[PDB]
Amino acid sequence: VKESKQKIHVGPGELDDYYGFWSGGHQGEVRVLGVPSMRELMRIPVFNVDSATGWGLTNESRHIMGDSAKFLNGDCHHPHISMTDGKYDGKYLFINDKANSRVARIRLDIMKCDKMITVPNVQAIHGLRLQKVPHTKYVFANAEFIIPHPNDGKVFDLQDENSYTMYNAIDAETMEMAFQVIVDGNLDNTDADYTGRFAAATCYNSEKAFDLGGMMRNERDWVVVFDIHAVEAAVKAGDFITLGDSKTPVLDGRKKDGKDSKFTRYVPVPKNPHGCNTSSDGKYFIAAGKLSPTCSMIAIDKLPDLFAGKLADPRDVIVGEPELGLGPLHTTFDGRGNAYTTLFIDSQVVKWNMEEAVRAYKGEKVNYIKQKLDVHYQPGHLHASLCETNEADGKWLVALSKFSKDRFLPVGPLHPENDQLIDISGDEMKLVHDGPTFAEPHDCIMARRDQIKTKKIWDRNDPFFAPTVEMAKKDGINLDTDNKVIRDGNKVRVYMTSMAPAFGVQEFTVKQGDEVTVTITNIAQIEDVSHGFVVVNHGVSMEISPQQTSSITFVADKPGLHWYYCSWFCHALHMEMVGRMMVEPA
């Protein structure tokens, strides 16, 4: 007998217990929440263009985005925190972009996106999870959609032998591709084991169809299990191919005339399975049945025997297949031996015991279902605190529901998502908070307060703006002191320090048509004294926080006087923290 009795109210002056990291959904950012208050503490721009900080307008952000800076949209689903020894280490957050096929990395000490990669030769990065053990060496990323190779417009057929999709491994530390694995079918969600050897992904389009009925024809698709040691062995030996102009090593994980690859095993699982979730004790890859009212439990301890050819049938690694309810999509864990699964159709979370499910699969008459909690409505992902680590603490559960209906005030034709906080600390799940969120966060991740350490002010050698320091070095500028205008043909490079309530350069003059770069270094050493910089009617906007350098480039295409001002309320004289750009006519 233990009761669910956790306090939910975080009063003024009190602090939240957990950080929540929410996908921004189709809006494209990452959002930082306090838990259990469910209040949004910060937005981290990633694939969106952020007017406030200038992400997507500044030179530093467009350098990180690369050529993909041309896109103003993203679609993210799956945020995950880097691990060491199966526990969060607080270093990085990774997230996917399904719209323009990217992975981004966020540095959790500065809460900014610091690296971004377009995954080559694929369309639509969806499933994403991190190696757990010995640490996050790889980011694993699913590309969802089968495409021709090459995709040059000569072949459009999905059934062609060179039409396929690929599992992707990115080096977490360098954010360069490590390798790709061609698979049969497609890829939905993915997870990793607690040794580093195995990773697994669900597949819903084993049929390689494009139409709705075609994609639901097979009784069973599969989860494909990857032998990462075997992949690495082959890469280290040089037996791989490359595709197109990408140097990425490409391994072939497809079955060929019935024969298995060294790199993959295909475990039949019903049906168009969706979630693929590693239990916190490291025993199971759990695939959520979706169209089948089940979850399928893959025993990780049997996978070495599967890849060694010691098992008669790939189904022999299935050790449980509990019937739970209508539309199982995702599973999480309290670390006490229970699994928690969203039922999309039944609109519930079901709590169930994994070892009892395994015994029931053997034919014991034991009831493994503990509780079904109604949620509102149609839940997708769910997340129990520390569930992706061997420290899963079984305290908080968030269920992320796609139809809010009447749970909030009406706000027009478009509705918010209902992210519901559930106390799981005791024997009964208890619903304690409905949190409306914009643009469908799909999944979220929680960390203990003590797992996250942030910088209070920037470091001057920070890699985030190191290329700007370099540019200034070429101009002979000491960013910490200098207030100067460099003229270079039709290029003008203003460098200034800023200190509330004044810009260090308060006027400058240019010729109509000049390309202007303005670089600002906030030399305050006080926490929270951010400055802004907006050029009126030029579409120019950016943030400069304490000890940061930020820069932005625009063309002075309009003759005349053009004011600039500080956008971040910084000082009693903030309205007067302004300057003039004077543009002499052509």
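The first residue of the sequence shown is number 1, and the count goes up from there.
Engineer: Can you tell me whether 93 to 101 has a higher mean C-alpha B factor than 343 to 351 in this record, or the other way round?
Structural biologist: 343 to 351 has the higher mean C-alpha B-factor.
Engineer: So 117 to 125 or 204 to 212, which one's hotter by mean CA B-factor in the entry?
Structural biologist: For C-alpha atoms only, the mean B-factor is higher in 204 to 212.
Engineer: Among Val224, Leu72, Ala172, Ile318, where is the Cα B factor highest in this entry?
Structural biologist: Each of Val224, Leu72, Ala172, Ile318 was compared by C-alpha B-factor; the highest is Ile318.
Engineer: Which listed residue, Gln548, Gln525, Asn537, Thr58, has the largest C-alpha temperature factor in the record?
Structural biologist: Highest CA B-factor of the listed options: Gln525.
Engineer: Lowest, middle or highest third of the chain for the C-alpha temperature factor of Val529?
Structural biologist: It belongs to the highest third of the chain when residues are ordered by C-alpha B-factor.
Engineer: Can you tell me whether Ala233 has a C-alpha B-factor in the lowest, middle or highest third compared with the other modelled residues of the same chain?
Structural biologist: Within its chain, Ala233 is a highest-third residue by C-alpha B-factor, going by the deposited values.
Engineer: Should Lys405 be placed in the lowest, middle or highest third of its chain by the C-alpha B factor in the entry?
Structural biologist: Within its chain, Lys405 is a highest-third residue by C-alpha B-factor, going by the deposited values.
Engineer: Taking only the Cα B-factors deposited for this chain, tell me whether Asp245 sits in the lowest, middle or highest third.
Structural biologist: Middle third by C-alpha B-factor.
Engineer: For the chain shown, is the CA B-factor of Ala199 in the lowest, middle or highest third of its modelled residues?
Structural biologist: Lowest third, going by the recorded CA B-factors of the chain.
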